[PDB]
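One protein chain, two forms: both are listed below as structure tokens, the first as structure 1 and the second as structure 2.
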Structure 1
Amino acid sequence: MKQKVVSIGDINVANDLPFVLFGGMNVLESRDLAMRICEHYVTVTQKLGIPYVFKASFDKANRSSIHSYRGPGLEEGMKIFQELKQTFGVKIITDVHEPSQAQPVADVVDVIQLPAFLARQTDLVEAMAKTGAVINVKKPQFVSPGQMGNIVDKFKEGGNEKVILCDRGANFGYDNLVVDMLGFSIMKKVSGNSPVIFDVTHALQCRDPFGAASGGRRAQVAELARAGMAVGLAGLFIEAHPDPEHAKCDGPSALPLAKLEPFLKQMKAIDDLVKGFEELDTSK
């Protein structure tokens, strides 16, 4: 069949419609810190005719505590969207954490998210259901692709239907992740041909590192982000920062802000012909 299409503005994501770019950075460090990041992405998109949605997060939840750089916080967090927002009128995306706030957030932003850890959590699947917006599903590293119909079905069961599926790799042995480029279709099928998007950033982090033959970071984001692209996805997901990030030079992994352009050009040419190629198959 053809692929379902959740429409994010003049941007329409679809497994046959060009790899939409879902850029951003990690923890929302500073109202203007971001600009460097918005502005610099914004450009490259249009220069290369890649669509753009901006990824941004406002809270802690994950890692260091009691406050340990807990993120801008809701109240003053949402404010900062509205600036990058109109400054270039942009489609943004924020992960929520606990139900209540599944309405505030769902205002200044375009593509709300449901963090891996509360994936199969129901009451947030609902608290967003009581919204009807564009949701992004963070596919847990412990779930078989085949289990994505049990996050989607129920979303629709929540009234909300406008769903998206994001893959962050899956775990492989203690502390390490991997991706099976063969898990993208399986997710397509089990999930009403919903768009399938690759979080190239979180994904390979524990991947680059498999201690011994690694033990000091190092990066290969495009190298892996081209695999996604040559299988045929809806689009990518990446986070950047000048010198890597404050929340990615220690958190997970990231991408050099101004190295970003020829990355996409790799991802545009590669995608280019793949989204071209007239549908084939080898089950006969």
Structure 2
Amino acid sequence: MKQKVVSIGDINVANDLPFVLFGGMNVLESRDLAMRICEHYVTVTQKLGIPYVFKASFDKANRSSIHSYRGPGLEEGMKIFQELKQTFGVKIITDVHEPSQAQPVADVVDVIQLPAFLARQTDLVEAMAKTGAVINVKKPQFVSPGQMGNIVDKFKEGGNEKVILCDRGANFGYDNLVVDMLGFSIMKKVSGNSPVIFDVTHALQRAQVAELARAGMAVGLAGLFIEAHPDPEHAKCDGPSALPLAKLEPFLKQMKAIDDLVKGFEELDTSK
């Protein structure tokens, strides 16, 4: 039973391979910031030996009250990824929202992304299916792990067969999330063993990020999705919860030590 491999350029994402890191920032506030964030990951990844795919949103549909920061915009966001690609030579992953945006971004970036709230959006999926580019389906909090087959299927049909599934926790009562460590296996299985990744920062709507991401890794995953900010405190708002840049390295040492140890175990069968 081999794992499906979805490659992003010279990067091979798979459940038995060493974990990739889809780190980055939440939104593209400014390049002076993006560049600084994207500067620390690369340096750290490169130094520690972990594949990496910078991530950032050039748009926001989940903000509150219209008189707010939408984001750079598709036309001004794409321009920012360009400069980063050249200056750093790393892959870019971003999310989309409308069926049209799909192709534009596909050119500019390596791994596009389907938001949870839109996971069941046939039109936007088919249109994202066209591009042929790699896809990251974030798993809605209101959907059980064993249903991710339909989304992978609807994508195959669209002609696209390069998909990663991302988990960000499940609804646990009112206003709360809990990550079921058992849904990872369920997702691998119903997905033709497609790559599964953990979005730790989303799963935490704290000093908790670490303990949770260790757990996630010990299960054995293809990747790890995360976000960080130079100054979480003052720039704190809502949505996710970023990691403190200055802690990137000592945190990622934890992951590798886990991901390497685990990715190298003699297959076990508690089944019988």
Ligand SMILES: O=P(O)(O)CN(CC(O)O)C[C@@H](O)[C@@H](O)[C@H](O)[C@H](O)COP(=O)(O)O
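Residue 1 is the first residue of structure 1, and the numbers go on in sequence order from there. Rigid core (definition): largest C-alpha set, two forms, superposition within 1.5 Å.
The form deposited with the named molecule bound is structure 1, not structure 2.
Looking at CA displacements between structure 1 and structure 2 with the core superposed, a shift of 2 Å or more is confined, among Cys38, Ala247, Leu236, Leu255, to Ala247. On a core-based overlay, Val108 has a Cα shift of 1.0 Å between structure 1 and structure 2. After superposition on the rigid core, the Cα atom of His67 is displaced by 3.9 Å between structure 1 and structure 2. With both forms fitted on their core, the C-alpha atom of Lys85 sits 1.0 Å from where it sits in the other form; this compares the forms between structure 1 and structure 2.
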